[PDB]
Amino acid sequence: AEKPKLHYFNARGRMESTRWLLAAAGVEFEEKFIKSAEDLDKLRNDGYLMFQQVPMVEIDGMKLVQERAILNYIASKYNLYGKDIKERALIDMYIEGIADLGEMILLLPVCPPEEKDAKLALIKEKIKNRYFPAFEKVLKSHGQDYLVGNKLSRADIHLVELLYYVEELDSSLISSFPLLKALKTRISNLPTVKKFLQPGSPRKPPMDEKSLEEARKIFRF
């Protein structure tokens, strides 16, 4: 069973959701960490990166770049993309909202320092008034344990990953959303996810100033 190989630097960034999804699905992977700009250039010069960027995942004979292409593939392969085209639409709608919020959070430390305070406030406003109410409403609507189809899907995994990041940001933000809290708990207790959340897994820590500088070095921004 040829192990997916994840090409990225040693940090969450744009590869972390893939780590979560693979782990949730019970899929053992290996990581090849990029440690320098010359490591990145070697991947490029070797023809591994369609758009000269990473993440790249070697899986099932493909060299897949673009986080959404990677995740869509994994989700479909491991039956985490719902049962039909209509369930996929709900899943897609939900996870695209999750991705918008996740992007805001991801880029927050790369924000011009003069914009950081207002943008943090905007994110917190959006969490409390836009995103968390949307997902709370979906869960309340059907009263089922999962977002879509009464069955585990990538939507549950991606939302719960985001809930962990929001907790890191401000642990109060979830406080008025009991159904999200309950989903976090249930999903975090699934054996594959529980193992991923335990010390020693490939799960990556929050990116510190230093890891961010290693990114600026490697990717030249």
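Numbers for residues come from their place in the sequence shown, where the first is 1.
Taking the mean C-alpha B-factor of each stretch as recorded, 6 to 14 and 201 to 209 are not equal, and the higher mean is that of 201 to 209. Per-stretch averaging of Cα B factors for 111 to 119 and 144 to 152 places 111 to 119 on top. Going by the entry's values, 38 shows the largest Cα B-factor out of 161, 167, 67, 38. Per the deposited record, 45 carries the highest C-alpha B-factor of all listed residues (45, 188, 172, 53). Residue 183 sits in the lowest third of its chain by CA B factor, as recorded in the PDB entry.
When the modelled residues of the chain are ordered by C-alpha B-factor, residue 34 sits in the highest third.
Compared with the other modelled residues of the chain, the Cα B-factor recorded for residue 157 ranks in the lowest third.
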